[PDB]
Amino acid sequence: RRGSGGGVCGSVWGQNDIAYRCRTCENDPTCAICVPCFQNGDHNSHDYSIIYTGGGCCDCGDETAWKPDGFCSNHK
């Protein structure tokens, strides 16, 4: 199966790449979205943080990993 199937970002991170955690939007504490997806969505007043990913894939557009209100303009 493909990582961007079903309208999901799936941008792939290297081990030391930064991304965003958003405690307001996440399904669980391992979820995260890429900086572009964060910047093209609405997380005003959310409890978000820049994190080091340890690799992985962006969850934006995946409703089983991230609340849809937290999707960016390209995956909403």
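Here the rigid core means the biggest group of C-alpha atoms that line up within 1.5 Å when the two forms are laid on top of each other. Note that residue numbering begins at 1 and tracks the sequence as displayed.
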| property | result |
| --- | --- |
| Farther-lying stretch by C-alpha RMS in 8 other deposited structures of this protein (rigid core fit) among 61 to 69, 48 to 56 | 48 to 56 |
| Greater mean Cα temperature factor according to the PDB record, 7 to 15 or 20 to 28 | 7 to 15 |
| Residue 40, C-alpha B-factor rank within chain (lowest, middle or highest third) | middle |
| B-factor third for the C-alpha atom of residue 65 within its chain | middle |
